[PDB]
Amino acid sequence: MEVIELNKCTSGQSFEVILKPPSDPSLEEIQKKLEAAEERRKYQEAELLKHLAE
Amino acid sequence: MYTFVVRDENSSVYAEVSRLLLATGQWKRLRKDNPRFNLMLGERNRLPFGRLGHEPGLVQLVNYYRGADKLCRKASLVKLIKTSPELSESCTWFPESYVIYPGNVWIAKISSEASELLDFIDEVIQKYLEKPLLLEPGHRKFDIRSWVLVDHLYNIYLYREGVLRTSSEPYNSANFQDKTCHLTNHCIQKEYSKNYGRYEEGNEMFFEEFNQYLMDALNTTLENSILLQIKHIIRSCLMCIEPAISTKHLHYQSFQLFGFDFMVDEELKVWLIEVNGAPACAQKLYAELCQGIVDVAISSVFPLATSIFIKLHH
Amino acid sequence: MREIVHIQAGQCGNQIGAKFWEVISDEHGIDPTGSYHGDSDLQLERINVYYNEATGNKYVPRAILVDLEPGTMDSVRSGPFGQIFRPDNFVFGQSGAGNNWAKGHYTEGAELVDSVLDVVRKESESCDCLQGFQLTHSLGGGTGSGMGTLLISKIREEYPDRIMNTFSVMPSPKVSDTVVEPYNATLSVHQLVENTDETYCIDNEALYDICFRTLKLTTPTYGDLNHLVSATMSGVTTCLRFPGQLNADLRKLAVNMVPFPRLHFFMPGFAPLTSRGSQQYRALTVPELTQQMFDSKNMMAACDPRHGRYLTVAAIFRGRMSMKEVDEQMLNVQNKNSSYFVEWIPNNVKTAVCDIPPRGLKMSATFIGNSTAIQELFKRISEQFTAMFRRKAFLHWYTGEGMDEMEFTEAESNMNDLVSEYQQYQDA
Amino acid sequence: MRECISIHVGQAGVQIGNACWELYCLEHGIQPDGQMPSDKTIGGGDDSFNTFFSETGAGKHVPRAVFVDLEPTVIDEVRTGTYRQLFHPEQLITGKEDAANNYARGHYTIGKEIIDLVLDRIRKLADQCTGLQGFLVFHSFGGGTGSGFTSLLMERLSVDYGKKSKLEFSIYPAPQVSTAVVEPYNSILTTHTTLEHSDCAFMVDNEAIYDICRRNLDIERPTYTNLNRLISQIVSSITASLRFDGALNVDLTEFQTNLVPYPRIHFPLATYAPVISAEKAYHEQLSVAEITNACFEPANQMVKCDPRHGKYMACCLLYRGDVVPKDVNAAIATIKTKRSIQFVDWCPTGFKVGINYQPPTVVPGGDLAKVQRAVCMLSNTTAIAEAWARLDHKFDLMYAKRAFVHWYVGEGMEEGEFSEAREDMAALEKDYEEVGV
Ligand SMILES: Nc1nc2c(ncn2[C@@H]2O[C@H](COP(=O)(O)OP(=O)(O)OP(=O)(O)O)[C@@H](O)[C@H]2O)c(=O)[nH]1
Ligand SMILES: Nc1ncnc2c1ncn2[C@@H]1O[C@H](COP(=O)(O)OP(=O)(O)CP(=O)(O)O)[C@@H](O)[C@H]1O
Ligand SMILES: Nc1nc2c(ncn2[C@@H]2O[C@H](COP(=O)(O)OP(=O)(O)O)[C@@H](O)[C@H]2O)c(=O)[nH]1
Ligand SMILES: Cc1ccnc(Nc2ccc([N+](=O)[O-])c(NCCN3CCOCC3)n2)c1
Ligand SMILES: [Ca+2]
Ligand SMILES: [Ca+2]
Ligand SMILES: [Mg+2]
Ligand SMILES: [Mg+2]
Ligand SMILES: [Mg+2]
């Protein structure tokens with residue numbers, strides 16, 4: 006096993022041990053989703069009020 | 001009231017274990033998908049080990065050792081033995097074997165010409186035991202089946218009762234296409250032998266008879282001439298993979314029943330052929346063996362309200 | 001999610017409602033005058051859920067008392083804690099409802115509903131975060147069932163985004179006032195299916211059977227029955243008004259207890275079952291509380307849990323006890339009844355513990379089950395409805411108020427749909 | 001020096017943040033009033049600890065953190081807690097009603113009205129940063145706010161901070177310590193929506209932490225405070241490189257480079273040792289070999305699974321205390337022959353090691369005992385896919401009947417998002433199987 010990249014300082018030290026080698045949407049689209057959901061709520065609530073009106 | 005589920009309807013062994021557990025009045029069978037089980041009799045393929053041991057307040061046990069497939073697959077067994085230092089390439093009880101992707146007599150899974169076997173593979182290669190021990194009268198081949206139970210603590214229990222699976226037709230060196238006298242498998246002898254069942258019922262000779270024959274025929278015993286090697290072979294294989302399959306510190310526990318198949322040559326040397334992870338039992342021995350599983354593999358974890375095994379210390 | 005608005009309508013609604021307020025008032029240390037005289041600040047940590055405050059440091063129940071005749075509400079004022087209620091919150095008529103769903107829902111009740119809504123609106127306008135409404139009423143009478151459901155429908159219209167919770171008493175021939183109770187209940191159940199989020203099914207048949215069989219009361223009164231309803235109402239509201247590991251609210255309750263919108267009818271249970279004024283000297287062990295609350299004999303709804311399956315289950319323990327033992331006993335009752343829980347809702351049993359015990371008991375347990383076995387209750391009502399309806403018996407009391415036969419046929423169909431809906435999830 | 005901003009969402013993220021920042025102050029000597037005497041540069045500094053603390057003219061060190069909860073009860077305790085002075089009021093953001101354990105209610109309904117306010121407060125901390133690295137986001141999978149609002153915030157942060165890294169500390173749901181029956185739903189919905197937006201996520205299974213408290217701390221009924229103090233230790237080990245002088249994982253980008261060869265498979269398994277009870281006054285201090293071997297015992301992992309049946313893509317050993325490289329290399333050599341650690345063929349079999357000489361700090365009066373050396377191992381093993389299978393199966397059981405789905409559809413969310421989220425999880429499970437089977 007080979008020890009490489011040994012770094013030392015006052016707080017400690019780091020190194021690497023090798024045992025063997027190898028063999044987004046835009047803000048526009050986000051609103052189109054959030055407002056699309058709020059509209060489905062408005063529709064479902066309008067149906068409720070309409071049903072209560074009958 | 002312990003609970004268990006069944007997920008392999010084709011397992012004759014655990015169908016009997018399921019029967020005994022119910023008869024105790026202290027075990028309850030749930031639907032195959034109820035996650036609130038104490039014991040699982042899992043399936044043979046893609047058993048969901050990753051879902052065991054996550055139910056609050058439930059100690060869960062399964063009848064299979066995750067990773068034991070490395071020992072029960074013919075291709076995996078060869079790679080395990082060659083690449084494990086404990087087993088080594090100098091192993092003296094495993095026939096010479098090689099993996100191939102699609144006296145000089147070999148077998149593939162029987163031919164003496166290499167090109168004949170390589171064309172069939174494209175259509181594991183192991184050295185064929187050209188000098189096998191032959192029963193008499195009959196001049197016939199056989200193999201030995203040993204049942205081994207490994208509990209959650211990784212105790213290795215060897216069932217005192219073994220079975221010999223014999224060839225009704227006398228062995229012949231001349232023609233390898235005979236097969237019925239070259240392959241000892243029970244199913245084949247039923248559908249390829251007019252001699253089927255002449256000497257021993259169902260081509261199944263048990264230890265008391267085999268011991269007697271060895272004493273009369275060879276002035277030796279089964280324990281000394283064969284069983285010592287069998288017990289060593291069993292101990293060696295299961296100790297090799299113990300660090301890879303042990304459930305000592307797992308959130309679920311495993312036990313498994315294995316079926317070791319051995320061959321014995323003319324000089325009373327035992328050879329390992331293969332290991333089966335989902336073995337079937339002998340007709341007469343089901344009652345005793347299945348109760349033995351409940352005694353040492355189930356009730357040891359879930360107690361209720372002489373031994374038939376031989377503990378192979380390691 | 002803080003304050004809840006309580007509403008009690010009709011005779012049964014106001015009698016069990018009045019008993020509920022004097023029981024929790026005692027648990028929170030509020031006396032009949034509305035002033036606190038307790039010893040633990042845990045009694046006030048969440049007192050605003052059910053109580054308002056006024057100058058002089060007085061707590062007034064956020065309750066509205068509704069009825070079409072003054073009789074029962076005159077009883078409340080002269081009752082033990084009658085003076086705690088805000089006087090403006092008494093809204094009552096004079097004609098009555100005559101045990102007639104039509105009178106409460108369409109005629110007599112329609113005349114009085116708007117003044118009840120004015121009081122409701124005034125209570126809600128003061129709320130910093132209104133959870134919703136809890137209503138106490140019976141389904142077999144006229145005011146509670148007929149006008150109670152009219153109020154529910156109109157409250158949902160004005161507050162569509164608030165939770166509607168009810169304690170609804172089912173009628174029973176064993177404790178029946180009139181022969182038309184199956185009519186009034188069937189019409190009401192349909193309303194509850196559409197316009198409530200959670201309903202505690204308090205079955206007068208179960209209450210009677212408990213008093214007679216278990217409590218050994220040869221002739222139980224409504225007071226004996228309301229003793230069981232009182233204990234259950236305290237239990238199922240403990241986690242709403244006391245600080246604890248589970249600070250419940252009406253919405254979280256519905257989200258976790260109701261997997262399907264229409265199947266929101268709960269089976270309540272209590273343990274230990276006790277008679278009024280009869281002091282119990284031996285406290286129950288945790289195993290006894292767990293076994294009893296899951297026992298069919300402790301259910302406040304005359305249904306056999308073994309005849310159906312649990313969709314969701316909640317158990318609230320009260321008193322000083324071992325949680326470890328609570329956890330162990332819960333897992334063991336689940337194992338005994340492992341066959342009666344649906345396997346397609348993992349971890350569908352919720353356990354909560356409150357350290358403050360109710369009056370008279372050093373420890374108790376309240377059961378809340380959403381079981382498909384509740385169909386037996388709706389099926390019982392349906393058979394009694396159909397027995398009279400196939401001959402149009404007593405229908406003239408309703409057609410005389412403007413109703414048509416078709417509305418009864420629709421109520422009959424809706425309840426049978428509800429029963430069949432429970433049945434499909436019982437064979438899933 | 002490059003600053004890091006911590007974002008705590010929902011009850012789980014807030015209360016865990018309390019434990020982390022309490023431990024940070026003890027480790028760095030920062031008092032509850034924000035005073036840090038050892039800091040001789042008053043009002044400014046380019047030190048390592050300035051990555052997590054800014055300074056005021058009065059010499060107050062304030063965390064670069066933001067606490068967000070739709071309900072005010074939990075954050076109110078931070079406003080009146082022992083560390084009230086630590087944060088300024090603008091960092092603690094609360095609503096009036098929570099998400100009711102409903103992912104859709106936290107993502108679409110109630111989150112839409114507070115997302116802009118939160119982004120504005122986060123922008124106020126970013127403007128005090130000369131070279132912002134990215135964000136550390138703490139949240140639960142099961143809560144409505146922890147799952148619903150986090151995914152919404154993660155989406156916006158990618159838009160407003162396209163160049164900055166984002167690491168997660170996620171609480172995987174466990175029925176032992178659950179609060180809602182729909183936690184499987186919320187877990188899948190938030191994992192699907194956050195996957196493309198998180199560079200590295202450290203999952204902590206409450207079941208694993210619960211059992212570690214019972215077994216190793218002898219606590220019969222662990223509380224959230226017990227769980228969170230153990231969790232803060234692991235978080236402290238992971239972030240120690242950002243807050244102290246060192247060379248391993250010095251900036252958030254290194255976490256992806258060292259631990260995440262495949263971006264979608266960005267869930268490293270954390271193992272910690274030792275966990276000793278403060279009740280024992282006598283425990284023998286374990287050696288480097290003994291704690292390093294413990295990192296390969298399933299009982300010490302933050303997520304219960306079997307690393308023996310998976311492939312490693314990267315391994316990081318983070319030591320704190322009396323540790324020298326000679327002993328570390330000796331332990332590694334021993335463990336490699338006593339256990340079968342199988343890396344992917346396209347990855348070098350190796351370990352990146354980091355040593356911090358300062359021993360682990362423990363909260364005074366806690367249940368964790370002081371030790372002379374401890375280690376946290378971060379291994380990106382395909383074995384963690386077991387946790388995904390478990391969670392996806394519970395999801396399947398409920399969704400086959402559409403149980404509780406109407407609560408989500410009622411908030412404007414569509415049913416197709418359930419199947420969409422589950423399909424992404426199915427693809428995630430195939431990625432694991434193709435890499436380590
Ligand atoms: N480890 C740990 N887990 C917690 C803690 N608090 C909550 N959880 C877990 O988080 C899950 C529930 O999510 P919460 O964070 O409580 O809910 P929320 O984020 O506030 O969102 P709401 O539903 O709106 O309240 C459960 O699985 C809990 O086990 C905590 O302090 N520590
Ligand atoms: N190398 C070898 N030398 C001699 N005989 C061999 C041999 N390999 C296989 N055989 C014969 O073939 C028979 C079965 O071969 P095999 O190992 O595949 O068992 P099997 O898998 O076909 C069924 P089972 O699980 O019951 O053993 C053995 O019992 C033996 O008689
Ligand atoms: N449990 C209980 N049931 C009651 C009580 N009073 C009436 N009931 C039941 O309620 C039904 C009658 O409804 P009631 O409330 O009296 O008529 P209303 O005034 O029009 O609402 C019958 O089925 C009674 O059995 C009571 O105090 N307790
Ligand atoms: C079935 C179940 C399974 C798993 N997790 C829950 N979680 C939960 C979370 C919040 C509330 N909650 O009510 O806020 C709640 N309610 C349960 C019923 N309650 C009725 C009133 O008394 C208290 C009990 N359940 C419920
Ligand atoms: Ca009139
Ligand atoms: Ca400074
Ligand atoms: Mg075989
Ligand atoms: Mg009346
Ligand atoms: Mg919350």
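Protein chains in written order, with the entry's author numbering: chain E, 6 to 28, 44 to 74; chain F, 1 to 102, 144 to 150, 162 to 175, 181 to 362, 372 to 380; chain B, 1 to 42, 45 to 360, 369 to 438; chain A, 1 to 437. Virtual Cβ for every residue (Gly too), placed ideally from N, Cα, C.
Any non-hydrogen atom of ligand 5 within 7 Å of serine 80(B) CB: no
Check whether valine 177(A) and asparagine 216(A) have beta carbons under 8 Å apart: no
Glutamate 89(F) beta carbon near ligand 7 (any heavy atom closer than 7 Å): no
First through last residue of the alpha helix (DSSP H) which encompasses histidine 61(A): No alpha helix (DSSP H) contains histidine 61(A), which is instead part of the beta strand (DSSP E) from 61-63.
Min CB distance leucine 30(F) to chain B below 8 Å: Chain B, which has a Cβ nearer than 8 Å to the Cβ of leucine 30(F), makes this yes.
Status (buried if at least 16 other CB within 10 Å, exposed otherwise) for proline 298(A): buried
is_contact[residue 478(B), chain F] using C-beta, thresh 8 Å: Outside the shown range of chain B (1 to 438) lies residue 478(B), about which nothing can therefore be said.
heavy atom of ligand 4 below 7 Å from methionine 259(B) C-beta: Answer for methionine 259(B): yes, Cβ within range of ligand 4.
Stretch-stretch touch, CB-based, cutoff 8 Å, three pairs: the segment 322-339 of chain A with the segment 16-23 of chain E: yes
Endpoints, the alpha helix (DSSP H) within which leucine 77(F) is located: 74-83
Any non-hydrogen atom of ligand 7 closer than 7 Å to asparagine 333(F) Cβ: At least one heavy atom of ligand 7 lies less than 7 Å from the C-beta of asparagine 333(F).
Interfacial residues, the segment 324-344 of chain B to chain F, with Cβ spacing under 9 Å: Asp329, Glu330, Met332, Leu333, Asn334, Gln336, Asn337, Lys338, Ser340, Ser341, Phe343
For residue 497(A), the first and last residue of its enclosing alpha helix (DSSP H): Since the first residue of chain A shown is 1 and the last is 437, residue 497(A) is not available in this structure.
Spatial distance of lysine 198(F) from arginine 255(F) (CA atoms): 14 Å
Alpha-carbon to alpha-carbon, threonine 381(A) and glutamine 336(B): Those two C-alpha atoms are separated by around 36 Å.
Proximal chain E residues relative to residue 438(A), where beta-carbon distance stays under 7 Å: The requested residue 438(A) does not occur in the structure, where chain A is confined to residues 1 to 437.
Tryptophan 21(A) versus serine 140(A): straight-line alpha-carbon distance, rounded: 18 Å
Backbone CA spacing between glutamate 3(B) and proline 274(B) [nearest angstrom]: 30 Å
Three CB pairs or more closer than 8 Å across the segment 175-186 of chain B and the segment 199-208 of chain B: yes
Beta-carbon proximity list for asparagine 145(F), same chain, < 8 Å, skipping 5 on both sides: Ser164
Option nearest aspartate 329(B) by Cα separation, candidates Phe343(B), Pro289(B), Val315(B), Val5(B): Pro289(B)
Cβ-based contacts, 9 Å cut-off: residues of the segment 178-192 of chain A near chain B: In summary, the residues of the segment 178-192 of chain A whose CB is separated from some CB of chain B by less than 9 Å are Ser178, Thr179, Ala180, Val181, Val182, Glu183, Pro184, in the order they occur in the chain.
Where the alpha helix (DSSP H) containing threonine 223(B) begins and where it ends: Premise fails: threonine 223(B) is in no alpha helix (DSSP H) and is neither H nor E.
Exposed unless 16 or more other CB atoms sit within 10 angstroms - verdict on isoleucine 173(F): exposed
Beta-carbon spacing of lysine 254(B), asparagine 101(A) below 8 Å: yes
Environment of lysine 352(B) [buried if 16+ CB atoms lie within 10 Å]: buried
Test: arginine 217(F) CB closer than 8 Å to a CB of chain A: no
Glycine 10(B) CB to nearest heavy atom of ligand 8 below 7 Å: For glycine 10(B), the Cβ falls inside the 7 Å cut-off from some heavy atom of ligand 8.
Alpha carbon of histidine 71(E) to alpha carbon of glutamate 59(E), nearest angstrom: 18 Å
Whole-number beta carbon distance between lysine 19(B) and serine 232(B), since they are thought to touch under 8 Å: 4 Å
Segment limits, alpha helix (DSSP H) that includes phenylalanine 404(A): That residue, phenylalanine 404(A), is in no alpha helix (DSSP H); it is neither H nor E in DSSP.
In DSSP terms, what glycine 350(A) is bridged to: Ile23(E)
Residue interval of the alpha helix (DSSP H) (run including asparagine 268(F)): Its alpha helix (DSSP H) spans residues 264-275.
Reference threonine 33(B); option with closest CA among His107(B), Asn350(B), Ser97(B), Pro82(B): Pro82(B)
Nearest neighbour of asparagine 50(A), chosen from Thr82(A), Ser38(A), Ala65(A), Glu3(A) [CA to CA]: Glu3(A)
Integer-rounded CB distance, given that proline 45(E) should sit under 8 Å from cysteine 347(A): So it is not a contact: roughly 32 Å between Cβ atoms.
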